Ligand SMILES: Cc1cc2nc3c(=O)[nH]c(=O)nc-3n(C[C@H](O)[C@H](O)[C@H](O)COP(=O)(O)O)c2cc1C
Ligand SMILES: Cc1cc2nc3c(=O)[nH]c(=O)nc-3n(C[C@H](O)[C@H](O)[C@H](O)COP(=O)(O)O)c2cc1C
């Protein structure tokens, strides 16, 4: 409730890196009664700060900022790089440096978030030290962390976080596993099942994420114990979304009818529409994040520049085909109406 | 509604072959207001008939009977059989004949179901010819068919079935795919997402299946458009369930903390608790059903006889750890109370 008391509708716009969730998206969601989110992933502490300032100028409503947890360091990357030689030659460029930073400006970003507190902060790819959570709490910032299993959820709670984001296997983008291993492959838990398990494993509020595209699904997760629903793909296709045109188009394109979890683009499991890049490199992508992400960055930028969807990281949840293209503000009101209608029906 | 009008509670006990859903289980579910189910899979038309008679003597309430669709015929089986040589030697037996029937007494079973109509009949592993559905309808029998994608659901509707069972990836036992192929691997759709897609693809009632263990999850699927919820694993652990003791125990045993889809036991994707047999033969199991099932039958019977869970097909959904051991009748009333409580909360 401490979370749901911040905004009127149980709808959260998921932070989406790669220039997807720009300030204008968050603002439209915020102004419509939902919780807009900025994505600090892959940006510099300064870049993130500029968006925060920008957004404050667009809305006075509560919003969130998401940060990536630093990843532990460490021949597999060399082999994969070799297999990408053809991609480099084709897009006429060179692979990025796989040994770049792995902290993603964590320290600097926390410094910014503590020096000028924002309403909400979420973390992905792990759990912050409980000291980070305590300091943010004292600053008046609510904290959220993603969990993909009841065990990870317990870790989130034990750290003192205000709420846990239960991200099911249907979710688009990166799976928020706290540690990536070949064992996670084929072990993903369906949201409806994960939510029930998490709801019984912890006592803190739960935000449900994964495949939510309609108001009735929001009603569904609330009925199963969630305090709110977090939607990424549904907002990815809205007008304020900064996602590339080829990306927004792929979502409802019959030729991109299926999605699959893959490490091809970044070295960590992420759900993307199946395309050429995924089919050819998916089976061989090693578990090396963010090493692989650095490596393929030039390839993806080149592909995007050319408008070639077959070479881009088309992150999307299993509900992508139900995506709707319209202002984010209108999407929220539509979702709200569907929610109301579903509530009424269930009574 | 034609379906939900047959019984008071939106709860369906999934048919479970292998001696799991015996007449006493179905009866307890029926008498508690739900829809009990008998499983005709792997049985003879006569065997199925005896259970039908038995059940009628235990309850006058509506119940269902499930039948397997005949599978198309067709060196991979020879290789797998070779890899099982050690299992045969250990359990001191011989592998079964992989070239046994593939129809599973379909014709004879339909003859029985048409000569002495039952309230409900469901089909698994495909869609019956529309003539079979029409004749059963004329006999006064409602028909259900499982679908794992919006496309399969459309096929179910086009065939004239009364309702489609949307079985999500979390479901225990066999995935009801109409055709099995290596491509289905890693393509499973989370129930919450599948349900929304199916609800919008067809106009007939939808029965949601997969990972449902609590009343709140039943409320969740109803809110998302389902007319009822079908539960297998939840009833697998009840006292009336005929599942082996080692099987019921594994469900909540920490040593069997995870489930995975595998072809190891039958040649078709089925979700089972991870065990020795699965770890060793899963990666090599070919797509050959029911050939592989015939082949491993002696191995599984021997394992069950010895009470060795590591060599049994421990079918179970991702919610297995939430299984409760008590009379099926009491489980239904508990689920009903949880459902009511969830409805109230959502209002
Ligand atoms: C475009 C793409 C980018 C994403 N980027 C982030 C991110 O930067 N940080 C994060 O915590 N989650 C990210 N997510 C995951 C979302 O938080 C959420 O779990 C997911 O979008 C839920 O599924 P649908 O996408 O709602 O099915 C991303 C998802 C997609 C769709
Ligand atoms: C013990 C085991 C045996 C099953 N046998 C059958 C069967 O014979 N016919 C059928 O249509 N479905 C069968 N199912 C699948 C169920 O119809 C249902 O989809 C599944 O149980 C739903 O998941 P939970 O098991 O509810 O998570 C079986 C499932 C399990 C648990």
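Quick note: the coordinates plus some simple rules give every number you see, no bench work behind them. Ideal geometry is used to build each Cβ from the backbone, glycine not excepted, and the neighbour counts take in all protein chains shown.
At-a-glance table
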{"item": "Percentage, to the nearest whole number, of Cα pairs in region A:115-270 over 21 Å apart", "result": "49 percent"}
{"item": "Cα centroid of region A:210-248 to Cα centroid of region B:103-133, whole Å", "result": "40 Å"}
{"item": "Beta bridge orientation in the protein assembly as shown: antiparallel %, DSSP, nearest 5", "result": "20 percent"}
{"item": "Helix-only CD estimate at 222 nm, as mean residue ellipticity for the protein assembly as shown, using -39500 (n - 2.57) per DSSP H run (n ≥ 4)", "result": "-11500 deg cm²/dmol"}
{"item": "Rel. contact order, % - alpha carbon contacts under 8 angstrom, at least six apart, region A:259-323", "result": "36 percent"}
{"item": "Average beta-carbon neighbours from other chains, 10 Å sphere, peptide A:210-216", "result": "5"}
{"item": "Ranked by how many other beta carbons lie within 10 Å on average, peptides B:191-201, A:249-259, B:23-33 from highest", "result": "B:191-201, B:23-33, A:249-259"}
{"item": "Exercise: per-residue mean of other protein chain Cβ atoms within 10 Å, B:258-269", "result": "1"}
{"item": "Cα gyration tensor, the protein assembly as shown - rounded (a/c under 1.5), prolate or oblate", "result": "prolate"}
{"item": "Whether region B:82-165 is rounded, prolate or oblate, judged on the alpha carbon gyration tensor where a/c under 1.5 counts as rounded", "result": "prolate"}
{"item": "Label-zone membership for region A:234-250, site residue A:93, 7 angstrom Cα→C-beta point, backbone N under 19 Å", "result": "A:242-248"}
{"item": "Near-label residues of region A:221-235 by backbone N, under 20 Å of a point 7 Å along Cα→Cβ of residue A:137", "result": "A:227"}
{"item": "Cα gyration tensor category, rounded, prolate or oblate, for region A:244-314 with a/c compared to 1.5", "result": "oblate"}
{"item": "Chain B: proportion of alpha-carbon pairs further apart than 25 angstrom, %", "result": "49 percent"}
{"item": "Highest-first arrangement of A:1-14, B:324-337, where packing means the average Cβ count within 10 Å", "result": "A:1-14, B:324-337"}
{"item": "Distance in nm between pseudo-label sites at residue A:183 and residue B:344 (7 Å out along the Cβ direction from Cα)", "result": "4.1 nm"}
{"item": "Neighbouring partner chain Cβ atoms per residue of A:193-201, average, 10 Å criterion", "result": "6"}
{"item": "DSSP-defined antiparallel bridges as percent of all bridges, chain B, nearest 5", "result": "20 percent"}
{"item": "Gap separating the Cα centres of region B:31-80 and region A:1-51, nearest whole Å", "result": "51 Å"}
{"item": "Highest-first arrangement of A:287-300, B:61-74, A:97-110, A:136-149, where packing means the average Cβ count within 10 Å", "result": "A:287-300, A:136-149, B:61-74, A:97-110"}
{"item": "Length gained when the stretch residue B:203-residue B:151 is fully extended (0.36 nm per residue, less Cα-Cα span)", "result": "17.4 nm"}
{"item": "For region A:141-192 versus region A:316-332, the gap between their alpha-carbon centres in whole angstrom", "result": "23 Å"}
{"item": "Region A:1-67: mean projected area of Cα convex hull, nm²", "result": "4.1 nm²"}
